[PDB]
Every structure is written in structure tokens, then in C-alpha cells.
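As a starting point, one isolated chain is supplied in C-alpha cells, in the form deposited in one PDB entry.
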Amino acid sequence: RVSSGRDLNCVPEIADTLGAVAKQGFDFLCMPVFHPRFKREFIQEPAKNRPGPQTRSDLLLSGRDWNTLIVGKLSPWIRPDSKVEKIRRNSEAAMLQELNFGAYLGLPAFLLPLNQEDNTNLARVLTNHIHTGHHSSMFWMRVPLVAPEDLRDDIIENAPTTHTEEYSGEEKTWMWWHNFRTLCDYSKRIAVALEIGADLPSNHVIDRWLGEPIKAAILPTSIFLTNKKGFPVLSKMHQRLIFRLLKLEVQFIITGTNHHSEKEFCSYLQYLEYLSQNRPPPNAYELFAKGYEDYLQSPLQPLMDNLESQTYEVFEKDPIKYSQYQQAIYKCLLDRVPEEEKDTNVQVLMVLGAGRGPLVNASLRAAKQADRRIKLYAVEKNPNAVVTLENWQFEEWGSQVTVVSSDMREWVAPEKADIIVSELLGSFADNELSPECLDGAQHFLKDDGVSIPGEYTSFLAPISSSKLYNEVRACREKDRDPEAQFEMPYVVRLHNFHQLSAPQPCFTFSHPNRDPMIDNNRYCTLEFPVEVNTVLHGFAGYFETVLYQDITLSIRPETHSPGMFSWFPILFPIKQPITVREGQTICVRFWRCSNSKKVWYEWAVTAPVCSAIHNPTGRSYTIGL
């Protein structure tokens, strides 16, 4: 279903108009709080002392109706950035009067236009209104995809329209919004009310609004086409943008008079509900990811902290992940012991970090499939998780599985293992300390021993998201550094964002580590080519892992394992947003630092401009050993 609203600049009777738009199927109504032609004077007499009321009474609608159904609208004559000082001063007082009346009514949203380049004084008055009392009210900035000057009819003889291609000039309305929100210091109360024109601009202009806080999409009746039956429809390119906006869960607003006189106003909404029902249904990943879209989570630390029972339950409800692990052991058993040794040779399996026993059960199913003899060792450091393993061992597994309640780095094994199985990987592969754990465990692995996984690589990609940057900015906590939130990674289902370049490999680890002097510390320099004008907010982290031979698991968008949803992408943000031009290259430097007690990540941007080294000495973020 689509949450819709009706935009009207003419309301004679508030009770009759709201009742009429509700009958058409509109969830809300965008209407003016004061008459759009009623120009008010605040300085010069006798126009200053005009007899009241200044507008209609608040008693006309109930408190609930103002809080949910009415969306405010700023008067068109209010021009705080006018060249005339008299209009500039009067518009300031009128803007405050209208915004304070909207806060008085308790409206959920208020519309303000961005129809020109200079909106500095408009930003000054709005920022001052937000800092005058603590409120949750939203402010939708009415900004079009194409400026009205760039979509005008070529009918002026002496002043013709510019037919030449202007890459930066075509994205001018995005700069109007960007300058406005920067002046307002990225306020969470300020969102985008994107107006769609009759003719859509180039794909790069539409891509500028990716990662931007769009809460409303304005669709005029003039942009709608007419089919053979007479119903209002849209072009295939216009439909593509509707499906893109539906994913962001925006509120579609209909403006302008009915041009399809044979049909009612509900016909425009009937087509939007039709597109919402005829869109591709959410897959196994898309249904699980619901609710966690752009929701920041702290990366799990299973070594330092003992995880809850429900955290293991979420880990277990992934069939694709453990099906691959089962196939990896099944392929390894046949390669290690042949058909002639299927009853005389028994392979020593060691599940390092057993948890509740999903890999232990997967090792048993792999042995039945390959028809080979196995001896399991279920090692686990969490005593609470060991309670589940020992109850599983007594009731079902039997003497075949040996439950060990110890750390893999401190445990002394009675015999050497042929295969070591583990699931110590996180969103950034080695972020949950998989190398350090297996380095102090590979001593009890045989000289020809195999590790599952045997290899893993992390991947980084530059991203643009003003929504996620503001989400990280709001993660400021007391009794710590006021900028510590930017110097730490986050496991997040990245939704409202834009991938600026293809993911490149960052850090790689192989098990067993045959190196004489094993060093898990790393330094990587990545050069990302950017073919778009954008603003860098952070770096998305992914991972690829080789369990055994061709059997792999991946969260990288290009090679993502279908149906797998155990790991959401990781996010490494930056303290200050970096402006990146078309053709420029983003250079990021990533470090994997460590000592005897902790492991951490350090990162810094060196091109186009330099950024500060984030998380130095692990001051804001550390993964304890």
C-alpha cells in the first residue's frame, strides 16, 4: 500500500476539503496554514495594525487531525533572500509567524520551497526556529529534479534555451539542497520533498539524490500521460523512478488540478497503488532485512563477550551458510580418505568455536553423505553455550562428539586433528578476530591438516549517504570523546546509500599460516575511480571466504551467496564529509593494528583531499584479545 497526500494551494472550507480528499483515498493533506495571497506587514503603518484574525481558528479540526492529517505550507510571497531590504525583513517575521503557528498546531511536517540558488537567510530563519524549543516536527524542502529555468519552453526569440550538455549545470538543484542542509548543520528535522518534472533529467542527475534524506515525492497531474481507455498513466522511465522511490518508503504527494475530467482524483492514486502491487516481491534476504534498513548496530565481539541464547538462534536460522559448510567437509573427507580406507581410517574433526553445535551437526551429516568414519571435538569458551553442547552430547550425539569447555588458544589437545572447522568470521571477515584465534590453535593441527575456512578476503567500497552520516553523528554519548562515534565500524543493512566505486580487496588471511614469523598486522592502499559528482560519508565493508576449494560464502554485492542473510555489511565512517568531483579518485589507507591485549582498525582518506587518521592507537574502538 502507498501512503499518499494531496497538495492544494486553495482551501475554502477546511472541514469540507479534508473530507473530500479522505474520500478520494489520501492519507494526508498538504495545505497553507495562512492564505497564500494574504501578504502581511510587520513594520510600516497603517498596514502593520491590520485588524485580526490573521488566519482560520485551530478549533476547526481536532488535535489528532492536525498531528496526522495536515502538512503545513509556507506562503509563496515569503522571500527571506530577496534583494529588497523591506521584503527581506517582512519575510523573516512572516516565516517565523507561519512556522510557530505550525508548531502551535503540532503538524507532523511543514513545506518550504528551494526554487533558487541563494537560500542562506531562509536557512538562518529555519535553523533559529529549530533551536527555539525542543520539537520532533519535520520540515520538507520542496526541491525539483529539474530547475523551472532548465525545463521552460523554447519560445523566447532573443533568449533561447541552452541546448549544449552541462554535466554540473544539470545537477544545480542538488547543490541548492546541499548548501541549505550544510548551513542548517545536517538537522535530522530537515528532509527532501523531491518534485518530479514532465521530462526526466539524465540518470546522473537522478543518482545525485541517492543517499539523501527523501521523505516525500511530489508528482504533478501534468506529468501523467493518457492511455486508450482514458486512465492517467506514466512513462517506462517515470515508472523506474517510482519503483526506486517505493524502496525508500517515501510518501507520494499529488499536486495540480484534474486534467483527466472524465475520471476522478482517485484515478492518479489508483495507478500508484497498481505499481506498488505489480513491483517485484521481497526475496529471502529482502524480507529478513525489513526493519534493519539503515539501522546502526555495534559489531559483535564473541571472544570478549559471551553471546545470548537468542543471538545463537538468529545464527542458526540461515540454511545456505551451514549447507555450504556441510558440502566443504563432505568434499574434504573424500579427498583425505579413499573408498578402500572408508572403514579402517577415522578422520579427527575439531569444531573450534562450536556454539550450540550447528557445525558439529553439519560435520555429522557430511560424514553420512561421504560414508566416512569421523571423531568430533566440540571446543567452546562460552560456558553458557557449553550447557547446550553437553545436553546435545548426552541426549543425541553420544561418545562420537567430545565437548571441550576451554579457549582454542589455551586448550591442550590429546591428539592432532586432520580437519579444523570454524565460523569465527564477521562482517569485515577478520573483525571478530578469526586469524588470532586460529594462529594459537593450528599447533594441534596435523602437518597435512586442512582448515575450514582456509582463506578469507575483506572488501571495501566508497559510499555516499547523508542519511547514514547523520545517523552516526546522532550516536554521540556522554563520558567519552564527542567524535568517537565516527572512529568505529557499524554492522548495518545499507539501504539509503550510493556505491561510488566497485569493491576492492582490503585484507587477506590464509589458514594454516605456514609463515615462520606470523604477523596479522596489515597496511593497504586502495584507489577508487569515481565517475560521478558526490560527497563521501564512509566506506562499506564486505567479505569473501573460501571454506574448501569451489565452496564459498560471500556478502560482496557482485558475488553475494543467494538466500544467505547471516552478515549485514559493515560501515567505516569519516568525521567530516569529503566533496568528490567527476573523474576524481578516492584514495583510502586502511591499517589492521594490534598488541598483546587488543586488535583495532585505523583508516584515513588521502585523495581528493586529506582526512584525519581515524581511531589512532584504538582510542575509540578496540577488539579485545
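We number the residues from 1 along the sequence you see. The term rigid core refers to the maximal set of C-alpha atoms that superpose within 1.5 Å between the two forms.
- Looking at mean Cα B-factors across 73 to 81 and 331 to 339, the upper value is held by 331 to 339.
- Just going by the entry, 165 to 173 versus 228 to 236 on mean CA temperature factor gives the higher value to 228 to 236.
- Annotation for 528, 486, 497, 268: 268 ranks highest, by Cα B-factor.
- By the numbers in the PDB entry, the CA B factor is greatest at 367 among 303, 141, 536, 367.
- Per-chain ranking of the deposited C-alpha B factor places residue 410 in the highest third.
- Annotation for residue 376: C-alpha temperature factor in the highest third relative to the rest of the modelled chain, per the entry.
- Per the deposited record, the Cα B-factor of residue 185 falls in the lowest third when ranked against the other modelled residues of its chain.
- Sort the modelled residues of the chain by CA B factor and residue 541 lands in the lowest third.
- Among the modelled residues of its chain, residue 208 has a C-alpha B-factor that falls in the middle third, as given in the PDB entry.
Not on display, but discussed next: the form deposited in another entry.
- Superposing the two forms on their core leaves just one of 409, 373, 336, 365 with a Cα displacement of at least 2 Å between this form and the one not shown, namely 409.
- With the core held fixed, the Cα of residue 429 is displaced between this form and the one not shown by 2 Å or more.
- Expansion of the residue 407-residue 421 CA spacing by 3 Å or more is recorded in the other form, set against this form.
- Pairwise change in the other form: residue 428 and residue 549 C-alpha atoms lie farther apart than in the shown form, at least 3 Å.
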